[PDB]
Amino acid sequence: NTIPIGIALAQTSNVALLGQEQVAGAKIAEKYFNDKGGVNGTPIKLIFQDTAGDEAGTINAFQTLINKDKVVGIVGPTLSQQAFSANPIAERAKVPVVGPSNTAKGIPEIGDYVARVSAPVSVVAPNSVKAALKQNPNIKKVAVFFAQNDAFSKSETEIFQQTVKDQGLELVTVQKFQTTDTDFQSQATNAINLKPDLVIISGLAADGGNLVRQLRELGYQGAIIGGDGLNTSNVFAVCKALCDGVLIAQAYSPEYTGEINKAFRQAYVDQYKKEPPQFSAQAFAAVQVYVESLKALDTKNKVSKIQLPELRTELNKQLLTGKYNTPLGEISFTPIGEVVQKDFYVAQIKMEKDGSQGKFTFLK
């Protein structure tokens, strides 16, 4: 006997450029927690249902997890775009969802069954603008790009634009693109002609990486910030040496000294031969929330005896009250499922000259 927890992430499509990191973190969590006896001796079982890259696929994954796989709760989906459409399905069904990477404004407000461990754009994004200004205090002109078809990108760009204004900078253009675009020559040239000192990009990974490369090809020599959708080493293949110097805010640090982060980090580095990425740490934290909540519930009300609909509702109620020492730091939730998290960082892509290898360097 095991306790089924659903994992609904983008395992296919270009959205898997983010999702694959999340799968890695979730698998590390499953082993970590099961090696500690699961839920008071009862192992968990992660049941993966691929969402692919769109809303329909996410709805299907959620419905399969809820109805066929009988899961006690869901971790997912990868994108805020998907969450706004699919999470209401789980809300209506009274099945908890813990978002591992959904940072758009309004996610926890979807309902009483929706929480997230991923700190939102309003608290993560501004630090990268501040970091750019530290590296070049003479930045004056800023060009902004965003993916107009993606809910998170639209939410993030609003924060970046407000931050630019509040820092007393000139917003010289806001250019739109689609996450499915590969060619940005007209928007990039439009922006370059305005002589920006800083360019900010809110998109996902393939698109964001292609845009970074093209800006550099077209002769842009100023600073670049990428938003959360570019926050993966999977961009390195796309922009190669031309990824160098991109600043990306972080809601996780490998060097955070919390005991469980040390364990998570060691497990990650031993397997993948590099530092754990944010999305992996966040996925681990989401699984952790479920395991620790299940343990607390089971101690008070043995879960093997609770029928599934009540188990789901009691698990949701429990998880919202918990305090968790996770790889992200000490976190908890507000009464509507927003994450409470203190520490944020900025990292910078450092590519080797040949362009075949790179890393994220954390700024002090």
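The term rigid core refers to the most C-alpha atoms you can superpose between the two forms while keeping them within 1.5 Å. Sequential numbering from 1, following the sequence displayed.
Once the structures in 6 other deposited structures of this protein are superposed via the core, the pair 46 to 54 and 301 to 309 is resolved in favour of 301 to 309 as the more displaced stretch (C-alpha RMS). Comparing 82 to 90 with 274 to 282, the higher mean C-alpha B-factor in the PDB entry belongs to 274 to 282. Mean C-alpha B-factor is higher over 300 to 308 than over the other stretch, the pair under comparison being 300 to 308 and 22 to 30.
Residues shown: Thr173, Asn127, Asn102, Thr232. Highest C-alpha temperature factor in the entry: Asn127. Of the candidates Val123, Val98, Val71, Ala143, the deposited coordinates give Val123 the top C-alpha B factor. Among the modelled residues of the chain, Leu363 sits in the highest third by CA temperature factor in this PDB entry. Per the PDB record, residue ranking by Cα B-factor puts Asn261 in the highest third of the chain.
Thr313 sits in the middle third of its chain by CA B factor, as recorded in the PDB entry. Ranked by C-alpha B-factor against the other modelled residues of its chain, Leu46 falls in the middle third. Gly222 sits in the middle third of its chain by CA B factor, as recorded in the PDB entry.
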